[PDB]
Structures are given as structure tokens and as C-alpha cells.
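Peer 1: What follows is work-v6.pdb, PDB, C-alpha atoms and all ligand atoms.
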ATOM      1  CA  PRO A   1      -5.678  15.986  -8.249
ATOM      2  CA  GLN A   2      -6.103  12.639 -10.031
ATOM      3  CA  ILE A   3      -3.240  10.182  -9.766
ATOM      4  CA  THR A   4      -3.126   7.191 -12.116
ATOM      5  CA  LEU A   5      -1.117   4.149 -11.011
ATOM      6  CA  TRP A   6       1.228   3.262 -13.955
ATOM      7  CA  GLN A   7       4.075   4.734 -11.919
ATOM      8  CA  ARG A   8       4.519   4.799  -8.123
ATOM      9  CA  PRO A   9       2.218   7.484  -6.610
ATOM     10  CA  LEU A  10       5.136   9.518  -5.281
ATOM     11  CA  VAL A  11       4.256  13.045  -4.148
ATOM     12  CA  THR A  12       6.005  15.933  -2.391
ATOM     13  CA  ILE A  13       5.303  16.490   1.298
ATOM     14  CA  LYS A  14       6.381  19.222   3.716
ATOM     15  CA  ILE A  15       7.146  18.275   7.313
ATOM     16  CA  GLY A  16       8.934  20.250  10.049
ATOM     17  CA  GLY A  17      10.261  22.642   7.392
ATOM     18  CA  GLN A  18      11.715  19.968   5.086
ATOM     19  CA  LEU A  19      10.564  18.822   1.660
ATOM     20  CA  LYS A  20      10.589  15.058   1.140
ATOM     21  CA  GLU A  21       9.080  12.512  -1.218
ATOM     22  CA  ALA A  22       6.406  10.085  -0.027
ATOM     23  CA  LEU A  23       4.391   7.156  -1.369
ATOM     24  CA  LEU A  24       0.563   7.448  -1.250
ATOM     25  CA  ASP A  25      -0.432   4.081   0.142
ATOM     26  CA  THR A  26      -3.999   2.752   0.505
ATOM     27  CA  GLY A  27      -2.482  -0.544   1.750
ATOM     28  CA  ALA A  28      -1.241   1.177   4.918
ATOM     29  CA  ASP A  29      -3.228   1.965   8.078
ATOM     30  CA  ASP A  30      -0.476   4.308   9.311
ATOM     31  CA  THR A  31       1.912   6.959   8.059
ATOM     32  CA  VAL A  32       5.578   5.972   8.368
ATOM     33  CA  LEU A  33       8.588   8.130   7.531
ATOM     34  CA  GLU A  34      12.352   7.473   7.426
ATOM     35  CA  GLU A  35      14.531   8.476  10.404
ATOM     36  CA  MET A  36      14.168  12.197  11.215
ATOM     37  CA  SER A  37      13.479  14.738  14.002
ATOM     38  CA  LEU A  38       9.966  15.678  15.134
ATOM     39  CA  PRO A  39       8.819  17.725  18.192
ATOM     40  CA  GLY A  40       7.031  16.535  21.360
ATOM     41  CA  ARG A  41       7.100  13.116  22.960
ATOM     42  CA  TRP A  42       6.693   9.702  21.378
ATOM     43  CA  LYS A  43       5.124   6.365  22.335
ATOM     44  CA  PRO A  44       6.326   2.949  21.233
ATOM     45  CA  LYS A  45       4.674   1.050  18.393
ATOM     46  CA  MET A  46       5.335  -1.925  16.174
ATOM     47  CA  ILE A  47       4.046  -2.077  12.601
ATOM     48  CA  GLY A  48       3.856  -5.082  10.293
ATOM     49  CA  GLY A  49       4.524  -5.539   6.589
ATOM     50  CA  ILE A  50       5.165  -8.326   4.075
ATOM     51  CA  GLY A  51       8.425  -9.436   5.718
ATOM     52  CA  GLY A  52       7.846  -8.860   9.442
ATOM     53  CA  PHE A  53       7.561  -6.075  12.027
ATOM     54  CA  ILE A  54       9.751  -3.084  12.845
ATOM     55  CA  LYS A  55       9.959  -0.833  15.934
ATOM     56  CA  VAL A  56       8.878   2.761  15.332
ATOM     57  CA  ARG A  57       8.358   5.941  17.387
ATOM     58  CA  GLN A  58       4.843   7.357  17.430
ATOM     59  CA  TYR A  59       4.335  11.119  17.403
ATOM     60  CA  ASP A  60       0.825  12.603  17.599
ATOM     61  CA  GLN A  61      -0.755  15.774  16.092
ATOM     62  CA  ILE A  62       2.088  16.338  13.594
ATOM     63  CA  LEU A  63       1.550  19.083  11.000
ATOM     64  CA  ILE A  64       2.238  17.829   7.479
ATOM     65  CA  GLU A  65       1.406  19.174   4.056
ATOM     66  CA  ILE A  66       0.728  16.534   1.428
ATOM     67  CA  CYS A  67       0.828  17.708  -2.174
ATOM     68  CA  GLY A  68      -0.806  21.059  -1.356
ATOM     69  CA  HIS A  69      -3.148  19.627   1.299
ATOM     70  CA  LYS A  70      -2.727  20.141   5.042
ATOM     71  CA  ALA A  71      -2.928  17.293   7.542
ATOM     72  CA  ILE A  72      -2.449  17.100  11.313
ATOM     73  CA  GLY A  73      -2.232  13.687  12.906
ATOM     74  CA  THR A  74      -0.150  10.645  13.719
ATOM     75  CA  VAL A  75       3.309  10.093  12.250
ATOM     76  CA  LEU A  76       5.501   7.052  12.917
ATOM     77  CA  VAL A  77       9.278   7.260  12.486
ATOM     78  CA  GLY A  78      11.573   4.288  11.984
ATOM     79  CA  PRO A  79      13.604   2.105   9.608
ATOM     80  CA  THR A  80      11.215   2.061   6.641
ATOM     81  CA  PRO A  81      12.795   1.926   3.141
ATOM     82  CA  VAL A  82      10.266   4.516   1.879
ATOM     83  CA  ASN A  83       8.156   7.406   3.206
ATOM     84  CA  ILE A  84       4.596   6.188   3.400
ATOM     85  CA  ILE A  85       1.427   8.232   3.680
ATOM     86  CA  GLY A  86      -1.186   5.821   4.976
ATOM     87  CA  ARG A  87      -4.954   6.026   5.402
ATOM     88  CA  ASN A  88      -4.934   8.007   8.660
ATOM     89  CA  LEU A  89      -3.692  11.043   6.695
ATOM     90  CA  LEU A  90      -5.209  10.113   3.309
ATOM     91  CA  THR A  91      -8.723  10.429   4.818
ATOM     92  CA  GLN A  92      -7.922  13.952   6.149
ATOM     93  CA  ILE A  93      -6.986  15.199   2.680
ATOM     94  CA  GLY A  94     -10.179  13.688   1.196
ATOM     95  CA  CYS A  95      -8.436  10.927  -0.767
ATOM     96  CA  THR A  96     -10.545   8.171  -2.369
ATOM     97  CA  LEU A  97     -10.127   5.261  -4.798
ATOM     98  CA  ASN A  98     -12.188   5.438  -8.009
ATOM     99  CA  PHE A  99     -13.031   3.252 -11.040
TER
ATOM    100  CA  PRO B   1     -17.330   2.884  -7.405
ATOM    101  CA  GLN B   2     -15.716   5.385  -5.057
ATOM    102  CA  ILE B   3     -13.947   3.704  -2.141
ATOM    103  CA  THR B   4     -13.234   5.894   0.878
ATOM    104  CA  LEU B   5     -10.415   5.153   3.310
ATOM    105  CA  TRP B   6     -11.980   5.308   6.824
ATOM    106  CA  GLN B   7     -11.675   1.520   6.700
ATOM    107  CA  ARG B   8      -9.302  -0.791   4.756
ATOM    108  CA  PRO B   9     -10.248  -0.881   1.001
ATOM    109  CA  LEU B  10     -11.165  -4.569   0.845
ATOM    110  CA  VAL B  11     -12.966  -5.888  -2.210
ATOM    111  CA  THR B  12     -14.175  -9.252  -3.486
ATOM    112  CA  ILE B  13     -11.976 -10.761  -6.188
ATOM    113  CA  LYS B  14     -12.536 -13.805  -8.398
ATOM    114  CA  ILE B  15      -9.527 -15.929  -9.369
ATOM    115  CA  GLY B  16      -9.625 -19.586 -10.472
ATOM    116  CA  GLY B  17     -13.377 -19.751  -9.818
ATOM    117  CA  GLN B  18     -12.624 -18.960  -6.158
ATOM    118  CA  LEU B  19     -14.109 -15.875  -4.476
ATOM    119  CA  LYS B  20     -11.545 -14.056  -2.283
ATOM    120  CA  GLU B  21     -11.117 -10.897  -0.199
ATOM    121  CA  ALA B  22      -8.244  -8.630  -1.252
ATOM    122  CA  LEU B  23      -6.673  -5.294  -0.293
ATOM    123  CA  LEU B  24      -6.619  -2.546  -2.949
ATOM    124  CA  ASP B  25      -3.072  -1.370  -2.566
ATOM    125  CA  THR B  26      -1.612   1.640  -4.366
ATOM    126  CA  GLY B  27       1.665   1.250  -2.451
ATOM    127  CA  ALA B  28       2.244  -2.190  -4.007
ATOM    128  CA  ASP B  29       4.139  -2.779  -7.282
ATOM    129  CA  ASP B  30       3.065  -6.419  -7.546
ATOM    130  CA  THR B  31      -0.049  -8.450  -6.759
ATOM    131  CA  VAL B  32       0.417 -11.034  -4.027
ATOM    132  CA  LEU B  33      -2.065 -13.681  -2.896
ATOM    133  CA  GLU B  34      -1.953 -16.179  -0.031
ATOM    134  CA  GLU B  35      -1.303 -19.875  -0.649
ATOM    135  CA  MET B  36      -3.495 -21.216  -3.429
ATOM    136  CA  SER B  37      -3.142 -23.227  -6.622
ATOM    137  CA  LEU B  38      -2.854 -21.722 -10.105
ATOM    138  CA  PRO B  39      -2.281 -23.311 -13.534
ATOM    139  CA  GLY B  40       0.784 -22.814 -15.753
ATOM    140  CA  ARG B  41       4.521 -22.410 -15.304
ATOM    141  CA  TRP B  42       6.091 -20.319 -12.534
ATOM    142  CA  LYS B  43       9.360 -18.709 -11.448
ATOM    143  CA  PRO B  44      10.483 -17.965  -7.898
ATOM    144  CA  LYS B  45      10.546 -14.287  -6.933
ATOM    145  CA  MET B  46      11.754 -12.332  -3.923
ATOM    146  CA  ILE B  47       9.660  -9.331  -2.879
ATOM    147  CA  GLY B  48      10.323  -6.823  -0.129
ATOM    148  CA  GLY B  49       8.327  -4.606   2.177
ATOM    149  CA  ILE B  50       8.507  -3.399   5.754
ATOM    150  CA  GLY B  51      10.531  -5.952   7.710
ATOM    151  CA  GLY B  52      12.211  -7.465   4.642
ATOM    152  CA  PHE B  53      11.714 -10.028   1.894
ATOM    153  CA  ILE B  54       9.796 -13.247   1.244
ATOM    154  CA  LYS B  55      10.057 -15.897  -1.481
ATOM    155  CA  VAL B  56       6.926 -16.174  -3.660
ATOM    156  CA  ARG B  57       5.753 -18.007  -6.797
ATOM    157  CA  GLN B  58       5.314 -15.864  -9.921
ATOM    158  CA  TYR B  59       2.512 -16.798 -12.328
ATOM    159  CA  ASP B  60       2.133 -14.853 -15.578
ATOM    160  CA  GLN B  61      -1.036 -14.061 -17.576
ATOM    161  CA  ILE B  62      -3.583 -14.844 -14.869
ATOM    162  CA  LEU B  63      -7.183 -13.604 -15.107
ATOM    163  CA  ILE B  64      -8.638 -11.837 -12.049
ATOM    164  CA  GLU B  65     -12.040 -10.236 -11.569
ATOM    165  CA  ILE B  66     -12.095  -7.326  -9.121
ATOM    166  CA  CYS B  67     -15.565  -5.895  -8.405
ATOM    167  CA  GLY B  68     -16.766  -7.300 -11.735
ATOM    168  CA  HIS B  69     -13.848  -5.722 -13.609
ATOM    169  CA  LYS B  70     -11.844  -8.165 -15.730
ATOM    170  CA  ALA B  71      -8.041  -7.927 -15.759
ATOM    171  CA  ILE B  72      -5.114 -10.083 -16.811
ATOM    172  CA  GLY B  73      -1.596  -9.963 -15.358
ATOM    173  CA  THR B  74       1.127 -11.338 -13.103
ATOM    174  CA  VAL B  75       0.055 -12.993  -9.845
ATOM    175  CA  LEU B  76       2.538 -13.749  -7.049
ATOM    176  CA  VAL B  77       1.627 -16.508  -4.584
ATOM    177  CA  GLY B  78       3.233 -16.975  -1.170
ATOM    178  CA  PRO B  79       3.251 -16.548   2.633
ATOM    179  CA  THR B  80       1.778 -13.012   2.661
ATOM    180  CA  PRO B  81      -0.333 -12.029   5.679
ATOM    181  CA  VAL B  82      -2.931 -10.472   3.356
ATOM    182  CA  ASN B  83      -4.324 -10.757  -0.174
ATOM    183  CA  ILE B  84      -3.008  -7.728  -2.062
ATOM    184  CA  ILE B  85      -3.996  -6.169  -5.380
ATOM    185  CA  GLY B  86      -1.038  -4.038  -6.498
ATOM    186  CA  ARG B  87      -0.586  -1.401  -9.204
ATOM    187  CA  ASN B  88       0.064  -3.935 -11.984
ATOM    188  CA  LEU B  89      -3.638  -4.884 -11.881
ATOM    189  CA  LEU B  90      -5.233  -1.690 -10.524
ATOM    190  CA  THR B  91      -4.257   0.142 -13.715
ATOM    191  CA  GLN B  92      -6.192  -2.453 -15.756
ATOM    192  CA  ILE B  93      -9.456  -1.827 -13.908
ATOM    193  CA  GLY B  94      -9.043   1.935 -14.397
ATOM    194  CA  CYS B  95      -8.324   2.705 -10.752
ATOM    195  CA  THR B  96      -7.231   6.208  -9.741
ATOM    196  CA  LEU B  97      -6.346   8.092  -6.574
ATOM    197  CA  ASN B  98      -8.408  11.256  -6.097
ATOM    198  CA  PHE B  99      -8.462  14.316  -3.809
TER
HETATM  199  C1  LIG A 101       8.419  -2.315  -4.358
HETATM  200  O1  LIG A 101       8.056  -3.011  -3.172
HETATM  201  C2  LIG A 101       6.704  -3.150  -3.053
HETATM  202  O2  LIG A 101       5.875  -2.678  -3.823
HETATM  203  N1  LIG A 101       6.390  -3.895  -1.948
HETATM  204  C3  LIG A 101       4.989  -4.022  -1.612
HETATM  205  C4  LIG A 101       4.936  -3.487  -0.206
HETATM  206  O3  LIG A 101       5.366  -4.087   0.765
HETATM  207  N2  LIG A 101       4.361  -2.249  -0.150
HETATM  208  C5  LIG A 101       4.459  -1.488   1.069
HETATM  209  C6  LIG A 101       5.285  -0.243   0.878
HETATM  210  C7  LIG A 101       6.718  -0.560   0.622
HETATM  211  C8  LIG A 101       7.219  -0.388  -0.645
HETATM  212  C9  LIG A 101       8.539  -0.668  -0.909
HETATM  213  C10 LIG A 101       9.396  -1.121   0.072
HETATM  214  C11 LIG A 101      10.790  -1.412  -0.240
HETATM  215  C12 LIG A 101      11.426  -2.519   0.295
HETATM  216  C13 LIG A 101      12.749  -2.764  -0.014
HETATM  217  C14 LIG A 101      13.403  -1.891  -0.854
HETATM  218  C15 LIG A 101      12.694  -0.816  -1.346
HETATM  219  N3  LIG A 101      11.411  -0.551  -1.067
HETATM  220  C16 LIG A 101       8.881  -1.285   1.343
HETATM  221  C17 LIG A 101       7.556  -1.010   1.622
HETATM  222  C18 LIG A 101       3.115  -1.036   1.577
HETATM  223  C19 LIG A 101       2.004  -2.044   1.394
HETATM  224  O4  LIG A 101       0.852  -1.255   1.144
HETATM  225  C20 LIG A 101       1.801  -2.912   2.631
HETATM  226  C21 LIG A 101       0.723  -3.957   2.380
HETATM  227  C22 LIG A 101       0.485  -4.791   3.604
HETATM  228  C23 LIG A 101      -0.569  -4.505   4.451
HETATM  229  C24 LIG A 101      -0.793  -5.258   5.584
HETATM  230  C25 LIG A 101       0.036  -6.316   5.877
HETATM  231  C26 LIG A 101       1.087  -6.607   5.034
HETATM  232  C27 LIG A 101       1.310  -5.851   3.903
HETATM  233  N4  LIG A 101       1.526  -2.123   3.817
HETATM  234  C28 LIG A 101       2.278  -2.259   4.971
HETATM  235  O5  LIG A 101       3.310  -2.913   5.094
HETATM  236  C29 LIG A 101       1.664  -1.467   6.100
HETATM  237  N5  LIG A 101       1.137  -2.462   7.013
HETATM  238  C30 LIG A 101      -0.129  -2.334   7.538
HETATM  239  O6  LIG A 101      -0.902  -1.413   7.314
HETATM  240  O7  LIG A 101      -0.410  -3.378   8.373
HETATM  241  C31 LIG A 101      -1.778  -3.380   8.782
HETATM  242  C32 LIG A 101       2.675  -0.516   6.733
HETATM  243  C33 LIG A 101       3.389   0.281   5.669
HETATM  244  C34 LIG A 101       1.938   0.464   7.616
HETATM  245  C35 LIG A 101       3.720  -1.231   7.557
HETATM  246  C36 LIG A 101       4.509  -5.467  -1.749
HETATM  247  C37 LIG A 101       5.430  -6.453  -1.050
HETATM  248  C38 LIG A 101       3.101  -5.630  -1.221
HETATM  249  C39 LIG A 101       4.451  -5.819  -3.215
END
Take the structure from the file and write it as C-alpha cells.

Peer 2:
Amino acid sequence: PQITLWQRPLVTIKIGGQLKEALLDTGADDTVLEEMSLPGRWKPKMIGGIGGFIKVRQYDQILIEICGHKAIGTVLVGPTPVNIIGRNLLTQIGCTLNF
Amino acid sequence: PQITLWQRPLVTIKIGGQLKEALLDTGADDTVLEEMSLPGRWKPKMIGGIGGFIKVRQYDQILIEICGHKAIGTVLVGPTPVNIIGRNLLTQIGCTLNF
């Protein structure tokens, strides 16, 4: 669809059976979700924001539906205040910025 | 224009006669620029992201040009790793998320 930016671009996502709310974020290279269970093994990764870095677990090839649109790719899990859909998955669902 | 997301959405902005590179950031409430000088009064503000909060300087009613689009709004200045155009200004230039 078309999402204007007067409010936070919060959308519904489906991941490992559960429905959650996520922020669509063009300012993020990666996708980062709050603490949860995912299948397979994970690698270590550190990701940086405005106030410093956090330690997250990296899962690969994770199935995730974003607002009707399927995506399969990298999901990081850790102590983020918000669920963040970053560019790795925004490109898969054909997301672009327009004006 | 239509900005894709394979790479970071970095555009040229004009603020205080200075040309600067900034990140178009839908996941940001506020607009935050690295250390620079601006005219007028200011208030301190605390803003949070991944890893926590930083203290910044809040300037009101600042004019910014983003890809030749004029816009007026609040500009925060402080020790951010990157120049960031948040939703408060992206709405002014008519910027939408599409897929
Ligand atoms: C309401 O709070 C805000 O709007 N905070 C904004 C903010 O931090 N937004 C983040 C989203 C966010 C929103 C709210 C909170 C929050 C905090 C406390 C309480 C509630 N919510 C936290 C994060 C996502 C933002 O796009 C950020 C921009 C950035 C990019 C690169 C370096 C520093 C900052 N992206 C990241 O942090 C990403 N970093 C990255 O890609 O590095 C290359 C990730 C996400 C991958 C680490 C801001 C500060 C830019 C205005």
C-alpha cells in the first residue's frame, strides 16, 4: 500500500505463528525484533544506534510476513525497545521511498 | 523521485547555506544532525534509540532543503553518528512509503 508518515509506520507482521507489531524503518540496515524464539542456529552480531551498540542473535532464512507480503531472510533478536523491519526485508517486499 | 533500498537512502540536504549528506529515516520521530551551528534559541532534549539516550540541542522553525524540496521544522543537534531526516520533516516534502 501507501504509507504516509504523520504517524509511526507501524504494521502487522507474522513470524513463527505469532502476530506482532513492527516499525517500517528505512534508517535501518537490519531487521531487529524483541526477545523471542526462532528455529535453527544463530551467530553473534552487534548493531549500533543513536545511543550505542547492543548484542543480538542472528538467525538466517527466517520466514516472515510483513503486512500481507512474504519475506525470507535475516532476523536479529535482542533487547530492542521496538520491532524493526529494516532494509534487508524492505527490499524483498518491493518497498521504496517516494516524493 | 523514487528511492529504492538496496543501499542506504542518503540524500543531499541544505541547511544554513551548508550542503550536507543525510539519511532519510522513516523510523525516526525527530530530525537529528551532527555538530553544527544554528541561529535562534534552543532547549536541551534527550532522545533515545538502540543502546539508549543522548543529550541534544533543540532548534525550532529551521529551514531545510532536501532534494530541492523546502521544509520548515524542528532540528535537533548533537553527538549522533549520522545525519538523520526524521518523520517531522519527511511529511513536509510529501514523502511516502510504497509497496
Ligand atoms: C522515538 O524514538 C525515535 O524515533 N528514535 C530515533 C531512532 O533511534 N530510531 C530508530 C528506531 C527506534 C525507535 C524508538 C526507540 C525507542 C527508544 C526508547 C524508548 C522507545 N523507543 C528505539 C529505536 C531507528 C533509526 O532508523 C536508526 C537511525 C540510525 C542509523 C544508523 C546509526 C544510528 C542511527 N537506526 C538504527 O539504530 C539502526 N542502525 C543501523 O542501521 O546502523 C547502521 C538499527 C535499528 C539497525 C540498530 C531517533 C533517535 C533517530 C530519533

Peer 1: To check your reading of the model: which residues sit at most 8 Å from ligand LIG 101 (chain A) when counting all atoms listed in the file? Write the answer as a PDB file with C-alpha atoms, in the coordinates of the input.

Peer 2:
ATOM      1  CA  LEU A  23       4.391   7.156  -1.369  1.00  0.00           C
ATOM      2  CA  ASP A  25      -0.432   4.081   0.142  1.00  0.00           C
ATOM      3  CA  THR A  26      -3.999   2.752   0.505  1.00  0.00           C
ATOM      4  CA  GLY A  27      -2.482  -0.544   1.750  1.00  0.00           C
ATOM      5  CA  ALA A  28      -1.241   1.177   4.918  1.00  0.00           C
ATOM      6  CA  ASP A  29      -3.228   1.965   8.078  1.00  0.00           C
ATOM      7  CA  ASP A  30      -0.476   4.308   9.311  1.00  0.00           C
ATOM      8  CA  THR A  31       1.912   6.959   8.059  1.00  0.00           C
ATOM      9  CA  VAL A  32       5.578   5.972   8.368  1.00  0.00           C
ATOM     10  CA  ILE A  47       4.046  -2.077  12.601  1.00  0.00           C
ATOM     11  CA  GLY A  48       3.856  -5.082  10.293  1.00  0.00           C
ATOM     12  CA  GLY A  49       4.524  -5.539   6.589  1.00  0.00           C
ATOM     13  CA  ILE A  50       5.165  -8.326   4.075  1.00  0.00           C
ATOM     14  CA  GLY A  51       8.425  -9.436   5.718  1.00  0.00           C
ATOM     15  CA  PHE A  53       7.561  -6.075  12.027  1.00  0.00           C
ATOM     16  CA  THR A  80      11.215   2.061   6.641  1.00  0.00           C
ATOM     17  CA  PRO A  81      12.795   1.926   3.141  1.00  0.00           C
ATOM     18  CA  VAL A  82      10.266   4.516   1.879  1.00  0.00           C
ATOM     19  CA  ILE A  84       4.596   6.188   3.400  1.00  0.00           C
ATOM     20  CA  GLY A  86      -1.186   5.821   4.976  1.00  0.00           C
TER      21      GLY A  86
ATOM     22  CA  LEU B  23      -6.673  -5.294  -0.293  1.00  0.00           C
ATOM     23  CA  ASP B  25      -3.072  -1.370  -2.566  1.00  0.00           C
ATOM     24  CA  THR B  26      -1.612   1.640  -4.366  1.00  0.00           C
ATOM     25  CA  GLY B  27       1.665   1.250  -2.451  1.00  0.00           C
ATOM     26  CA  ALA B  28       2.244  -2.190  -4.007  1.00  0.00           C
ATOM     27  CA  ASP B  29       4.139  -2.779  -7.282  1.00  0.00           C
ATOM     28  CA  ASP B  30       3.065  -6.419  -7.546  1.00  0.00           C
ATOM     29  CA  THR B  31      -0.049  -8.450  -6.759  1.00  0.00           C
ATOM     30  CA  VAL B  32       0.417 -11.034  -4.027  1.00  0.00           C
ATOM     31  CA  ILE B  47       9.660  -9.331  -2.879  1.00  0.00           C
ATOM     32  CA  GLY B  48      10.323  -6.823  -0.129  1.00  0.00           C
ATOM     33  CA  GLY B  49       8.327  -4.606   2.177  1.00  0.00           C
ATOM     34  CA  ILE B  50       8.507  -3.399   5.754  1.00  0.00           C
ATOM     35  CA  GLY B  52      12.211  -7.465   4.642  1.00  0.00           C
ATOM     36  CA  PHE B  53      11.714 -10.028   1.894  1.00  0.00           C
ATOM     37  CA  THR B  80       1.778 -13.012   2.661  1.00  0.00           C
ATOM     38  CA  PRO B  81      -0.333 -12.029   5.679  1.00  0.00           C
ATOM     39  CA  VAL B  82      -2.931 -10.472   3.356  1.00  0.00           C
ATOM     40  CA  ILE B  84      -3.008  -7.728  -2.062  1.00  0.00           C
ATOM     41  CA  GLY B  86      -1.038  -4.038  -6.498  1.00  0.00           C
TER      42      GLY B  86
END

Peer 1: Near residue A:69, counting only C-alpha atoms, which residues have an atom at most 8 Å away, once you skip same-chain residues fewer than 3 positions from it, shown as an MDAnalysis selection string?

Peer 2: chainID A and resid 65:66 93

Peer 1: Using all atoms listed in the file, which residue out of B:37, B:61, B:12, B:96 lies closest to residue B:83?

Peer 2: B:12

Peer 1: Using all atoms listed in the file, which residues sit within 9 Å of residue B:78 once same-chain residues fewer than 6 positions away are excluded, as a PyMOL selection string?

Peer 2: chain B and resi 32-36+54-57

Peer 1: Rank nothing, just name the residue among A:71, A:10, A:46, A:22 nearest to residue A:85, using all atoms listed in the file.

Peer 2: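 Of all the options, A:22 lies closest to residue A:85.
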
Peer 1: Using all atoms listed in the file, determine which residues lie at most 9 Å from residue A:62, disregarding the query and same-chain residues fewer than 3 positions distant; provide the list as an mmCIF file with C-alpha atoms, in the coordinates of the input.

Peer 2:
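Full text of result_8.cif as output:
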data_model
loop_
_atom_site.group_PDB
_atom_site.id
_atom_site.type_symbol
_atom_site.label_atom_id
_atom_site.label_comp_id
_atom_site.auth_asym_id
_atom_site.auth_seq_id
_atom_site.Cartn_x
_atom_site.Cartn_y
_atom_site.Cartn_z
ATOM 1 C CA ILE A 15 7.146 18.275 7.313
ATOM 2 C CA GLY A 16 8.934 20.250 10.049
ATOM 3 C CA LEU A 38 9.966 15.678 15.134
ATOM 4 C CA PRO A 39 8.819 17.725 18.192
ATOM 5 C CA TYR A 59 4.335 11.119 17.403
ATOM 6 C CA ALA A 71 -2.928 17.293 7.542
ATOM 7 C CA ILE A 72 -2.449 17.100 11.313
ATOM 8 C CA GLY A 73 -2.232 13.687 12.906
ATOM 9 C CA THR A 74 -0.150 10.645 13.719
ATOM 10 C CA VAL A 75 3.309 10.093 12.250
#
